[PDB]
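Just the one chain here, laid out as structure tokens, in the form deposited in one PDB entry.
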């Protein structure tokens, strides 16, 4: 490991020239990091011949690029050769077109001649016209090598939580002279469902038919008390085509109940719509490549369809009148199930006799229930509404899924409604300063979605890659990579998971190549920080994660995940410290990369709901109840870059979501072309949205928050978050927490190692190790 390939590797793998029911393929490694594989080409034996374009994104230390030729026959797997090509030949720019050799294990050659042929060419990241330049013009063409292309003429409504009460957001001034206006997710979903006339298409990891979408007594909507299940049956009865694709976890219902069993009522919902006009379909999810035959058998009950989609037809944005319809779609992190309704208040105890009395979510305690009291787990999340042509791309993703894994041939035929539902159309003129350019992205494979291109040439144009048994759409990871690479001022992430780039982890008690969390997001982040230190340019990265991922915090799963997270932070912090040290700067690396979680703490006021019962005596449950504090769960999957570009979707920053062929995901990336930060700072809708989230978490607006690349900003934000952690973790309680953003409770050693905060080996009120524990039982494929 000596040279750094940070950029893009164009490669074509041609043949072997010799040698002496086969299924034969070839893989590309960068030293030990797999970055590509050809298709299994089959019957053909001696001179097997693939010609596969590869567009590879690199952020790797390497001495050699290595091609391995292998045979995967079910009669038995088998390695053939191993070609080397020192990266020295490739760092320069160049176009290495060798007829390189197919060698063996001691590194002398295989049978008697040939010799693999390959074409390579490496572009460092600075070759890209947008590296360190941002979106840089309203002519920006989008992310390349993706299945969906950028759309123009779109409108995006950014959703902070499921609901926002009146008089919540402060005055946040935006470019056109107007103040930021907050939108209401579930209010808008209720209206879109209520008003549909032709189609309603929904996919979820969980749909619970009993939730009511509208609950704010000071913002009442007629019919709002109806449950989503009864709303959909009413709509279907009128003749609207209501199609649902809800994840089928293929565990049967566990009739018994230990009470932070979070269950995806999948059988219950399918049953709820039986005999109605709603067509609900349980949709199984089998991954593409499960590893061992032994490994595959333990894991293939455990991968999910994770897309949260609602698609409806809606009336034409319109003054009057009259006749016609468009398509409107929703994507983000918010499923239509229990535990997801919340507001930025994120109350622990003060809503249990109002909006949460029959929607009590708390899976981190054994046997938590409303009858025993708080704290509930509050739900911070982010969603979006997409109008304009982009809405039809989400609809089309549903159509590909329904055709491959759905039910009867009952998709609404838009060609038959050409006189009612328009073709995919702008909702605004491109000259309107509110207009959005939006592009859809996915993690999905050919086993879950019909209609992917077949020829390897058409696949590579869409950025699709060959899997074990299916073609793979990984445009979500690619969209994150480009969004990070073009970043020039700051990145703000809120995500449920933050772990990956395991090829660059320290071999510390693990064999890194075993982990296979190969997506690049954490490495592109730290490489981006590194490059701005080197240029003397200001840059900051803020990351908001949950205090711990949902579940009992001592459970093997949570502790495994917290250990992956710790190794990812540790690798990043060593990149940043090494770069700082290389400039002879002695600085706090937390002034360049800073990690947060969320928390609440409420005093007990008179007249609060008093539960009848009580947790058991020395439980995590009882401690939390007495300390009056708990985490605010970060379910967000969102990244804001430079106040000008935003990604919202279902995809977590882990290998499960970023791989392509594990869970199925969806996200949108967008910007407003008239509100870029190329020469001014951007002050459009994405800026107002960031400021509203910051107001929610920090409890205040501050001048410094306008420019988060400034040192003054990151410093003020950390300092405040340190004070909130002290308020949070203190045993005494004088007053409510003034904000929610807590410095993530870890310390960074002077060399990058992650250390425990003195006195906080365990999260407050728990016996769960903040630093995580590697599991002996869970395979990395399940937890990364």
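Just so we're on the same page, rigid core means the largest C-alpha set that superposes within 1.5 Å between forms. Numbering follows the first chain given and starts at 1.
Form deposited in another entry: not shown, discussed below.
Here the two forms are overlaid on the core, and between this form and the one not shown the C-alpha of 263 is the only one among 713, 263, 571, 527 to shift by 2 Å or more. Relative to the superposed core, residue 149 undergoes a C-alpha shift smaller than 2 Å between this form and the one not shown. After superposition on the rigid core, displacement of the C-alpha of residue 252 between this form and the one not shown amounts to 2 Å or more. Panel note: the distance between the CA atoms of residue 226 and residue 259 is larger in that other deposited form than in this form, the difference being 3 Å or more.
Annotation: residue 555/residue 259 CA-CA distance shorter in that other deposited form than in the displayed model, change of at least 3 Å.
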